[PDB]
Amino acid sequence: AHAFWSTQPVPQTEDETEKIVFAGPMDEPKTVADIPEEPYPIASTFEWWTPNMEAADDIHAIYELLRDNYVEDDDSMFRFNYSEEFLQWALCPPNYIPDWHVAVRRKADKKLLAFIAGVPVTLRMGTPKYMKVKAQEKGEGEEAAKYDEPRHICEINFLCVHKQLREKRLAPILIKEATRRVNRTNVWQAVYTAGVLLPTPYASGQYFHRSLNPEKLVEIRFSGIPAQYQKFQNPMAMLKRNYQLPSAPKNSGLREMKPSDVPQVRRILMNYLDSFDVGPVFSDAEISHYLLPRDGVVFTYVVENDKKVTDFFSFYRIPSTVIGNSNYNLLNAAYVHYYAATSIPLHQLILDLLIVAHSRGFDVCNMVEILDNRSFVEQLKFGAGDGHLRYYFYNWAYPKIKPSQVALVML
């Protein structure tokens, strides 16, 4: 059933995943010295290429591959259009490894054919709370705690093969080469997400969407109008009214995050993330990189009253090409990022996220049901979509957890 995934150190079935009781590695211990020093073999008409993702022109070359060949829906209505600025932000965080950015080009004329990218992340990925309780009940606490320390691993994203090269077994070669380059730096686990079901997720959540510009969403067929709206004289007017928002934020003291806020935002974020079974650990440098505002890319606001930062939220921008429509070229989506609330309820904090995103010309707000995202769905008028995000580890046995026990946002 899976000619490639059956050869890899991942759980092979749900059932297998149902026997997993402690976090830990799948494969035998290996050293850097055991890992091939030469690149994985590839056909003579192709070559490996390491783009420099801080150099405008190489970022542009990767941006065009993804614009034309990255994820699209099944009806081919929308395709992601991650911006050049977003790609530099996502793939060059503090201490990134340039060698983990891996491309294939056609050797004759250098046509870009494929990409995959890894970045470092410091992840809490030890045995989850409900399984540590089982371990206590059995006298097995030492084995359950073995891998509690946060681990320096690889986050994989942006796997893409050109549409003309589909179904030729190029993605397995990309994945093996990326695994070799990560292993040559003495890293042995990765985390990744996909919409598709592969062997075997440790967590799965539905996507949720909150309409900000419902007339455009309906025009482009992102949205339909629920059937009940047909009992009105003016279904579209009633839909627009339903999703109307304030024109300015409601929380006293909301403002954009600035560099001086980094230590307090780090403290309140890390205290909050600690409560989830799987979640990242960020240094000051990483808080600065992932949360300070960046035009067109990431938007972050703190609540400061009386000179103290008590809450914050962030969102990022991923546009999509609207493939078929004649009225619109782009869908402008805002995605819920990290947040923390200590002074107000989360619904009250996230309402201001929707207000700011709407004021800035976003069409929809998207999120997965990770973190405490379920706690504001109904009041803030999010609805579940048809999509899911499934969370996977490479070379890590892990019990199944609920998506509300995941605190890692994946771009």
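The term rigid core refers to the maximal set of C-alpha atoms that superpose within 1.5 Å between the two forms. Sequential numbering from 1, following the sequence displayed.
Next on the checklist: Using the rigid core for superposition, please say which stretch has the greater CA deviation in 8 other deposited structures of this protein, 311-319 or 226-234.
Outcome noted: Stretch with the larger root mean square C-alpha distance in 8 other deposited structures of this protein: 226-234.
Checklist entry - 353-361 versus 66-74: which one's CA atoms end up farther from this form in 8 other deposited structures of this protein after a core fit? => result Farther from the shown form on average in 8 other deposited structures of this protein: 66-74.
Next on the checklist: Per the record, averaged over C-alpha atoms, which has the higher B-factor: 319-327 or 156-164?
Outcome noted: Result of the comparison: 319-327.
Item to check | Average Cα temperature factor in the PDB entry - higher stretch of 207-215, 222-230 | outcome: It is 222-230.
Checklist entry - Quick one: which of 297, 135, 102, 302 has the biggest Cα B-factor according to the entry? => result In the PDB entry, the greatest C-alpha B-factor among 297, 135, 102, 302 is found at 135.
Item to check | Given 289, 250, 181, 79, the residue at which the Cα B factor reaches its maximum | outcome: Each of 289, 250, 181, 79 was compared by C-alpha B-factor; the highest is 250.
Next on the checklist: Is residue 313 in the lowest, middle or highest third of its chain when residues are ranked by C-alpha B-factor?
Outcome noted: Lowest third of the chain for residue 313's C-alpha B-factor.
Checklist entry - Taking the entry's C-alpha B-factors for this chain, is residue 272 in the lowest, middle or highest third? => result For residue 272, whose C-alpha B-factor we compare with every modelled residue in the chain, the answer is the middle third.
Next on the checklist: Taking only the Cα B-factors deposited for this chain, tell me whether residue 262 sits in the lowest, middle or highest third.
Outcome noted: For residue 262, the deposited C-alpha B-factor lands in the lowest third.
Item to check | Relative C-alpha B-factor of residue 61, binned into the chain's lowest, middle or highest third | outcome: Residue 61: CA B-factor falls in the middle third of its chain.
Checklist entry - Based on the entry's values, in what third of the chain does the Cα temperature factor of residue 11 lie: lowest, middle or highest? => result Its C-alpha B-factor, which the entry lists for residue 11, ranks in the highest third among residues of this chain.
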